[PDB]
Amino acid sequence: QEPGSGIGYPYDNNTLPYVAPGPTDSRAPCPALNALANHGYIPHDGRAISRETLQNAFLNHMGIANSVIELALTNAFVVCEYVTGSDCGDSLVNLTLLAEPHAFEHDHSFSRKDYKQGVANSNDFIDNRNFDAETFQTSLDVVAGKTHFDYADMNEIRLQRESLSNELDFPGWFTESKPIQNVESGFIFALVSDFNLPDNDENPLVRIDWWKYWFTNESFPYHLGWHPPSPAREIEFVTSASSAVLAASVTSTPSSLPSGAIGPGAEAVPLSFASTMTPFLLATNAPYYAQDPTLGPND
């Protein structure tokens, strides 16, 4: 928000306003990076981004400590080298390359379509990067009529997304990605669980309106009482939440789940790509921004 507005105070004492991305700006498949870039906490054009810029942006503006993004930084740079064909040093070329499929970006996302979702021909691909309202609605519908949800609910959401994706994706495309997805499940708990409840740290419940605002608007739900977690969330919280989601008993089982969907997931690890492997072409769509309504500088 506008620095003088004091909307972030006393959690964030140095805010910057929301500015919609323009057609030439680079955006990510990540709702967090996109929100940061929309505020200029990382470059508004989404290009030439250092590790420290990301670290400071997450820590100072979203209450996410360095430990939370350690692997994510490593993997961002692995993907940058893979896509561009050379080492990216400490300047991530852009955000858009992070939507390279079957890499850091993955199938069965909560709010994005898959790279080959619903395509008639094997060579076709679609926008697996920008926010997709319909896809996100398939996630929200699992918790329809509710204001909050718990670990077991999140487990049901990711299962619904896996089932839909396995059914809709071009045959042979679908590839399950429980370890990366469920770090992101833990990220959702870390950012938008309800810290106003007494047992938040031990038993976090996602506030659905906060989650919807963040994902749909790619800006921060201050108007709904949200603020950056204080103290900043650490990696322990995230991976514990990840484990808890996958540990939670399944009471409704969708059909067409891939093998071993239900049960513990592997620890997320650094990505690696063979030098002989050429990257898949990136979707070229202009960056998404909220238009129903469009957002003001304080939104």
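Note that residue numbering begins at 1 and tracks the sequence as displayed.
Q: With reference to the PDB entry, specify whether the mean Cα temperature factor is higher for 247-255 or for 43-51.
A: Comparing 247-255 with 43-51, the higher mean C-alpha B-factor belongs to 247-255.
Q: Quick one: higher average CA temperature factor, 260-268 or 26-34?
A: The recorded data point to 260-268.
Q: Out of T84, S109, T138, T216, which one has a C-alpha B factor higher than all the others in the entry?
A: By C-alpha B-factor in the record, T84 ranks first.
Q: Among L73, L164, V93, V119, where is the Cα temperature factor highest, going by the PDB entry?
A: Spelled out: the listed residue with the top C-alpha B-factor is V119.
Q: Would you mind ranking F125 by its C-alpha B-factor against the rest of the chain and naming the third, lowest, middle or highest?
A: Answer is highest: the recorded C-alpha B-factor places it there.
Q: Using the B-factors in the PDB entry, rank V238's C-alpha atom against the chain and give the third, lowest, middle or highest.
A: According to the entry, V238 has a C-alpha B-factor in the chain's middle third.
Q: Please rank the C-alpha B-factors of the chain's modelled residues and tell me whether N203 sits in the lowest, middle or highest third.
A: Within its chain, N203 is a highest-third residue by C-alpha B-factor, going by the deposited values.
Q: Determine, from the deposited record, the chain-internal third of the Cα B-factor for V79: lowest, middle or highest.
A: Its C-alpha B-factor, which the entry lists for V79, ranks in the middle third among residues of this chain.
Q: Consider only the C-alpha atoms of the modelled residues in this chain, order them by B-factor as the entry records it, and name the third containing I180: lowest, middle or highest.
A: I180: CA B-factor falls in the middle third of its chain.
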